[PDB]
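Consider the single chain below, provided in structure tokens and representing the form deposited in one PDB entry.
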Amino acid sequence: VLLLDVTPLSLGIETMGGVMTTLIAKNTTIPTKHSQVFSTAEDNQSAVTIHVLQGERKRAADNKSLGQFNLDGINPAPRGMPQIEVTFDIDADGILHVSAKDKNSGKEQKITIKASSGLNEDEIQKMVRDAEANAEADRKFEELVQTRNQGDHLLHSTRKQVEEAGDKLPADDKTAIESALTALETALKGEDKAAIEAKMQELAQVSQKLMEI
């Protein structure tokens, strides 16, 4: 064939830290469908937002919003435990159906997005150009959010390890962990990946007794 219908830009959802996670890649022939499992960002999270985006940028905010919906009634559980299946299905007429279903509760929500939605030919071309021109910057942003989430994972696992130990962890150790946790908290608000990792390192260097418990 010399011609066919494609979806012209990547389609995905916003994930923790403001990154766009792609479900359908740009130039995929239509009709198409793809599903991926997602989980919750925080402990005890009973609801998630499914924000549908079109574009090639790593920052969710730089892509075109197509719509959004909430999925509630998730049983409060530790982060990463819920299994939320997100499905993108584009029919032959370019109509996009997005659904999210929580495996444990069976709760499901969906949205229909018209074929005329999103970016026009000129905006599609500008999207592709802007993504290529910002390839390195977008990669650095993705690496920063990965470290910010990891830094928050180290902050989460440390604080949980402190509470379980309680009286067992010495004073000199606990107070120095607390000060290293705040230095990590402050660096996480910044955009310097190495600064965050150095604060994580400084935390680990004062958590030696905490790890043994």
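If you superpose the two forms and keep the largest set of C-alpha atoms that fall within 1.5 Å, you have the rigid core. Numbers follow the displayed sequence, beginning with 1.
Enquirer: Averaging only over Cα atoms, indicate whether 130 to 138 or 93 to 101 has the higher B-factor in the PDB entry.
Expert: Higher mean C-alpha B-factor in the PDB entry: 130 to 138.
Enquirer: Averaging CA B factors per stretch from the PDB record, which one is higher: 71 to 79 or 139 to 147?
Expert: Looking at the recorded C-alpha B-factors, 139 to 147 comes out higher on average.
Enquirer: Name the one of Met16, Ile24, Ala204, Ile13 with the greatest CA B-factor according to the PDB entry.
Expert: The record points to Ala204.
Enquirer: In the PDB entry, which of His51, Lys33, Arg159, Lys58 has its C-alpha at the highest B-factor?
Expert: Comparing C-alpha B-factors across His51, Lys33, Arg159, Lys58, the top value belongs to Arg159.
Enquirer: Based on the entry's values, in what third of the chain does the Cα temperature factor of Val6 lie: lowest, middle or highest?
Expert: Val6: CA B-factor falls in the lowest third of its chain.
Enquirer: Where does the C-alpha B-factor of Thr182 rank in its chain, lowest, middle or highest third?
Expert: Highest third.
Enquirer: Based on the entry's values, in what third of the chain does the Cα temperature factor of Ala176 lie: lowest, middle or highest?
Expert: It falls in the top third of the chain.
Enquirer: When the modelled residues of the chain are sorted by Cα temperature factor, does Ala47 land in the lowest, middle or highest third?
Expert: Middle third, going by the recorded CA B-factors of the chain.
This protein has a second form, the form deposited in another entry, left out of what is shown; the following refers to that one.
Enquirer: Against the rigid core, is the Cα displacement of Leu144 between this form and the one not shown at least 2 Å?
Expert: No; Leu144 is a residue whose C-alpha shifts by less than 2 Å between this form and the one not shown when the cores are overlaid.
Enquirer: Aligned on the rigid core, do the two forms place the Cα of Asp62 2 Å or more apart, comparing between this form and the one not shown?
Expert: No: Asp62 shifts by under 2 Å between this form and the one not shown.
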